[PDB]
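Read the figures in this text as sums done on the coordinates, not as results from a lab. Counting neighbours? That spans all protein chains shown, and the Cβs are built from the backbone with ideal geometry, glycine included.
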Amino acid sequence: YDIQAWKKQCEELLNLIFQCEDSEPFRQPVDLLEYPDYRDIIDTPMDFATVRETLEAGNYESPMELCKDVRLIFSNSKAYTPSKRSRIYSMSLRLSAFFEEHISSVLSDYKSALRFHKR
Ligand SMILES: Cn1nnc2c1C[C@@H](C(=O)O)CC2
C-alpha cells in the first residue's frame, strides 16, 4: 500500500523503454526539419525524454497523468502515419503493447494504495 511506489516503478519502466530499439523514434521530440508538416497534424508533441523529465521534476501527481502523456506519444504516431504499415508506426504499436502490459500493475497498485489510505 505504498502510495509513492509508482514513481520509481515508472522510472524503471522508462529505463526499459529507452533500452528498446522500438523507442528510438520517440526518445526526443520529433525533428521538425525531418518532418516539416508535423505540427500541421499534431497539436501536442510528446516524447519519452519529456515524460522522464516531467517525472523527475516532480511534476506528475499520479501514474495516470504519466500514462496519459505516454499514450499521447502513441496517438501522435498513429495520427501522423501515412500508412498503418509504416516502419515508425509499427514500432509505436509494439512499444505501446509493451508499455500497456507493464503499466497495468503500476496503476493497480497505486489505486489500491489510495483506497487503503482512504479506508
Ligand atoms: C515521426 N513519426 N512519428 N510517427 C511516425 C512518424 C513518421 C511517419 C512517416 O513515416 O511519415 C510514420 C509514423
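About the Cα centre of the chain, how large is the charge dipole given +1 on each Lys and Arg Cβ and -1 on each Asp and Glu Cβ? Please answer in debye to the nearest 20. Intermediate values should be presented prior to the final figure.
Working: 16 positive and 20 negative charges, 117 e Å.
So the dipole magnitude of the chain works out to roughly 560 debye.
If you average the C-alpha positions of the range 71-94 and of the range 21-70 separately, how far apart do those two centres end up, in angstrom?
13 Å
Let me check the size of the chain from its C-alpha atoms; what are the radius of gyration and Dmax in Å?
Considering the chain through its Cα atoms, Rg and Dmax are 15.4, 53 Å.
Let's test the formula: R0 of 22 Å, r as the Cβ-Cβ distance of residue 65 and residue 34. What FRET efficiency results, to the nearest 0.05? The partial results should precede the final answer.
Working: r = 29 Å, r/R0 = 1.32.
Taking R0 as 22 Å, the efficiency between residue 65 and residue 34 is 0.15.
Considering only 90, 33, 3, whose Cα is most displaced toward the positive end of the charge dipole of the chain, charges sitting on Cβ of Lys, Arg (+1) and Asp, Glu (-1)?
Checking the options against the dipole of the chain, the answer is 3.
Amide H of residue 60: which non-local residues (sequence gap of 5 or more, or other chain) have their own amide H closer than 5 Å, using H built in the peptide plane?
none
In the chain, once you exclude exposed GluC sites (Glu not before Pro) (DSSP loop, at most 14 other Cβ within 10 angstrom), what's the longest stretch remaining? Walk me through the intermediate numbers first.
On the way: sites that count: 34, 61.
Excluding the exposed sites themselves, the longest stretch runs over 62-119.
On a full-extension model of 0.36 nm per residue, what is the gain between residue 117 and residue 56, subtracting their alpha-carbon distance, rounded to one decimal in nm?
Details: separation 61, 0.36 × 61 = 21.96 nm, distance 2.45 nm.
Stretched out fully, the residue 117 to residue 56 stretch lengthens by 19.5 nm.
For the chain, what's the relative contact order in percent, using C-alpha pairs closer than 8 Å and at least 6 residues apart? Numbers along the way, then the final one.
Numbers: 104 pairs, mean separation 47.7, N = 119.
Relative contact order here is 40 percent.
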